[PDB]
Amino acid sequence: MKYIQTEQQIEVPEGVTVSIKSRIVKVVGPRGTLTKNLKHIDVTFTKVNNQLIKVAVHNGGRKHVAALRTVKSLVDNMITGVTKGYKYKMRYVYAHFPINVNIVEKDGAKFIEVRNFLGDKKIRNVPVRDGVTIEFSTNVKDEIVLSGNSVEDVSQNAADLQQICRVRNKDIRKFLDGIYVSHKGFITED
RNA sequence: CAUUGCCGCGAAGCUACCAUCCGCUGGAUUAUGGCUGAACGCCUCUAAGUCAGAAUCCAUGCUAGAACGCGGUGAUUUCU
Ligand SMILES: [Mg+2]
Ligand SMILES: [Mg+2]
Ligand SMILES: [Mg+2]
Ligand SMILES: [Mg+2]
Ligand SMILES: [Mg+2]
Ligand SMILES: [Mg+2]
Ligand SMILES: [Mg+2]
Ligand SMILES: [Mg+2]
Ligand SMILES: [Mg+2]
Ligand SMILES: [Mg+2]
Ligand SMILES: [Mg+2]
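Residues numbered from 1 in each chain as written, not as in the entry; some residues may be left out. Chains lettered and ligands numbered in written order. Part of a larger assembly, values for the part shown. Heavy atoms only, no water.

**Q** Hey, could you go over the pairing of strand β12 (residues 143-148) for me, with residue numbers and the actual values?
**A** Across the six residues of β12, six count as buried, placing the element largely inside the fold. Here β12 shows two buried faces, one formed by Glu143, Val145 and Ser147 and the other by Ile144, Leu146 and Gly148. Inspection of the sheet shows strand β11 (residues 133-136) paired to β12 by four bridges, in the antiparallel sense. Paired with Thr133 across the bridge in β12 is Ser147. Connecting β11 to the antiparallel partner β12 that follows it, the hairpin turn spans six residues, and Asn139 within it adopts a positive phi of roughly 65°. (Buried < 20%, exposed > 50% of the residue type's maximum accessible area, 1.4 Å probe, protein only. Helix = DSSP H or I, 4+ residues; strand = E, 2+ residues; numbered from the N terminus. Pairing = 2+ DSSP bridges.)

Structure, rendered in structure tokens:
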């Protein structure tokens, strides 16, 4: 169809600075800073009144309009992640063998070590990505809390811990074992 | 002498899974499982982007070295 103009809104709240040269977006707030290279898209950003940035596609087909609301959602994720921050909570699910996860250092690389998953002698190792801060819940039994600015970094680190603890050669309908994400939320949320 | 006459042992050399030694580790991926995320206010591994991942692939390594591919360097003829 090639719609003439599709357009989206981005609400920049009171503490946030958004800076967009060519298609590289820099979002600065109370929690740090974030950068995305959006040069694969071809949208056009325009600043209206310092609390609002439009993003537009001119003469765009169905897939090109489709990526426009993606670009809105990604910058809003950056804005949320530098104002409220991002926080994931994972619980350990085990039947018989308890799962031992402690935050570990190997050559200054800050891994996550998982011993005794299903009684495996194999120690599993997940590296902590930068920005993600691993926490172990007090007054919740067997909960790991991943916190940081990027929802891309926090959720992929929470994805990597689930993916390393998969169950092999068993019926996974019964062998329900692993570390699963229980909550996707913010840090400064109430 | 017996077309190495025959028999036992027999060094050297060659040799035998009939004897010993030795046979490397990184990256990119497929299937698949994911993250973020629209389309399609929700949902979604996919559309943009991105993670992991096979005995696969491509390197590392190993063999040859273009006899018309290349480089460094040595010496370059007389009482002739
Ligand atoms: Mg599996
Ligand atoms: Mg079986
Ligand atoms: Mg005679
Ligand atoms: Mg004789
Ligand atoms: Mg052999
Ligand atoms: Mg999802
Ligand atoms: Mg895939
Ligand atoms: Mg894709
Ligand atoms: Mg990958
Ligand atoms: Mg190598
Ligand atoms: Mg040659």
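**Q** Give me the nonpolar core: which residues, what numbers.
**A** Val101, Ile144, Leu161 and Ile179 are the most contacted members of the largest nonpolar core, which has 22 residues in total. Of all the secondary-structure elements, those providing two or more residues to this core are β7 (86-93), β9 (111-115), β12 and α2 (151-164). Setting aside chain neighbours within four positions, we find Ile179 in contact with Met90, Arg91, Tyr92, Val101, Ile144, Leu161, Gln162 and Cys165. Counting 20 residues, the second-largest nonpolar core is a separate cluster that includes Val16, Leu38, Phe45 and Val82. (Core = buried A, V, L, I, M, F, W, Y, C linked by side-chain atoms within 4.5 Å. Contact = heavy atoms within 4.5 Å.)

**Q** With reference to specific residues and values, describe the sheet that holds strand β5 (residues 44-47).
**A** One open sheet accounts for three strands, arranged β1-β6-β5; its pairing is antiparallel. Taken across any chain shown, the strands that pair with only one partner, and hence form the sheet edges, are β1 (3-11) and β5. Looking at each pair of strands side by side, their axes are set apart by 25° on average, direction ignored. One ladder, built from eight bridges, connects β1 with strand β6 (residues 52-60); its direction is antiparallel. The residue of β6 that forms the bridge with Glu11 is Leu52. (Axes fitted to C-alpha atoms, helices over the stretch in contact; angles between N-to-C directions.)

**Q** Summarise the environment of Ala66; cite the residues concerned and give the values.
**A** Tracing the backbone through its elements, the reader meets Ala66 in helix α1 (residues 62-83). The sequence separation of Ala66 and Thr6 amounts to 60 residues, and the corresponding C-alpha distance is 9.8 Å.

**Q** For the pattern of salt bridges, give the residues involved together with the corresponding values.
**A** This model, assessed by the stated rule, comprises nine salt bridges. For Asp76, the salt bridge identified is with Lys72, shortest N-O distance 3.5 Å. Here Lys72 and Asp76 lie together in helix α1, a separation of four residues that amounts to about one turn. Note on accessibility: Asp76 and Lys72 belong to one class, buried. (Salt bridge = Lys/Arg side-chain N within 4 Å of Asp/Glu carboxyl O.)

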